[PDB]
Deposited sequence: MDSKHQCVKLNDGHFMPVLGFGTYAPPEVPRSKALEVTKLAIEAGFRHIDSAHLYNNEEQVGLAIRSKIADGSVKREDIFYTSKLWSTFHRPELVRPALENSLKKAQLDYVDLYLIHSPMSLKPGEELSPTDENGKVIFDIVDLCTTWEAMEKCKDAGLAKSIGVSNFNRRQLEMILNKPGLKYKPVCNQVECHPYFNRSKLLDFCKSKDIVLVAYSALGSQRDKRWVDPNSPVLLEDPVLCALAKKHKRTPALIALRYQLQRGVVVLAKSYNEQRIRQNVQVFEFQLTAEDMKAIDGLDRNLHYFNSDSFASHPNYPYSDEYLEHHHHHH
């Protein structure tokens, strides 16, 4: 299934998460993205930060080349890293990601984060100027659609109320799972025809660089475990399926062949209303990404949200 974005284009509601840390070789990003497409994933999420666009773009091109999919059947996202918020740096950053991926266009380009950094050392940029330059990339045909990531409600409103806005963001990609379900923001987005896309929807990869290993492991949650057994699925599948029934597009990273195939099972069953309330009962404001390196930053998004 696919959801119609607010600029007319379509986005598959299940997305492949492509991040893997440095300890993993760049060549597994190629292998696993091919397997993902083979299992039925049509939405692939990447970014400049992830240092894998060559591999991921080659995986897409390899599956166009063997006739398994057509380019228009694939929805590929890249993101504008935070060192490149100044407007004159926006289009070059995008032309860069395209050259790396060896594609003619991304389906989606995002501002990766509102926390601007110098081209831990901070920058001040007017994000409306960055956005105008995002609009120009849509007009040029470089990005079929454009959107934001890690924006809170006030930071989104700044764009939507901009004088002479040409394009609403089509989406906001934010951390979103049963421990941090972003309900209030979700309602805001729905009221504006903006799609919430969930990352770390399986509880994040627990990278010691950003995540407190003392954090509860979402996929070992007792209520999700009980629901997995009721339905004879896995706690991963309950957490993904939770997101689809709330109108959220969900990403899922996995570099394991069995779990990549398992995750597409999310289309094969449904949770009931009481199942959904039980999962709603788990919200506890736990953002796994919780670092000094973001938290003292003038435009920290989790600064609002009280």
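Going from the first residue of the deposited sequence to the last, where are the unmodelled runs?
No coordinates exist for the deposited residues in 1-5, 125-136, 324-331, so these stretches are absent from the model.
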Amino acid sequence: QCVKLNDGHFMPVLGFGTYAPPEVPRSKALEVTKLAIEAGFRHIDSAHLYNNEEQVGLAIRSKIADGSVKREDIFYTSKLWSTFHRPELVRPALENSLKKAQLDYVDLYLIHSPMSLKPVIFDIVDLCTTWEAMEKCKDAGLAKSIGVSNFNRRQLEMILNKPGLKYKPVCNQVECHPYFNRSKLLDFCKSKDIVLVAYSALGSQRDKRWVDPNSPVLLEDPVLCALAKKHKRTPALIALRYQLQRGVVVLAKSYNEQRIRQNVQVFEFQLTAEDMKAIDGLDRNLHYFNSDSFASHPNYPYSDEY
From here on, numbers count along this sequence of modelled residues.
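We call the rigid core whatever largest set of C-alpha positions still superposes within 1.5 Å between the two forms.
Compare 120-128 with 167-175 and report which one shows the larger root mean square C-alpha deviation from this form in 9 other deposited structures of this protein once the rigid core is superposed.
Between 120-128 and 167-175, greater C-alpha deviation in 9 other deposited structures of this protein belongs to 120-128.
Could you check the entry and say whether 178-186 or 155-163 has the higher mean CA B-factor?
It is 155-163 that shows the higher mean C-alpha B-factor.
Using only C-alpha atoms and the B-factors in the entry, which stretch averages higher, 121-129 or 166-174?
Comparing 121-129 with 166-174, the higher mean C-alpha B-factor belongs to 121-129.
Residue, from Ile64, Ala252, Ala278, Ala239, that the PDB entry assigns the highest Cα B-factor:
If I rank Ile64, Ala252, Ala278, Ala239 by C-alpha B-factor, first place goes to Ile64.
Modelled-residue ranking by C-alpha temperature factor, third containing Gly15:
Bottom third by C-alpha B-factor.
Which third of the chain holds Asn256 when residues are ordered by C-alpha B factor: lowest, middle or highest?
Middle third, going by the recorded CA B-factors of the chain.
Considering every modelled residue of the chain and its Cα B-factor in the PDB entry, is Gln265 in the lowest, middle or highest third?
Answer is middle: the recorded C-alpha B-factor places it there.
Give the position of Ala29 by CA B-factor within its chain, expressed as the lowest, middle or highest third.
Tercile = highest for this residue's CA B-factor.
Taking the chain's C-alpha temperature factors as the reference, tell me which third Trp210 falls into: lowest, middle or highest.
Its C-alpha B-factor, which the entry lists for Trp210, ranks in the highest third among residues of this chain.
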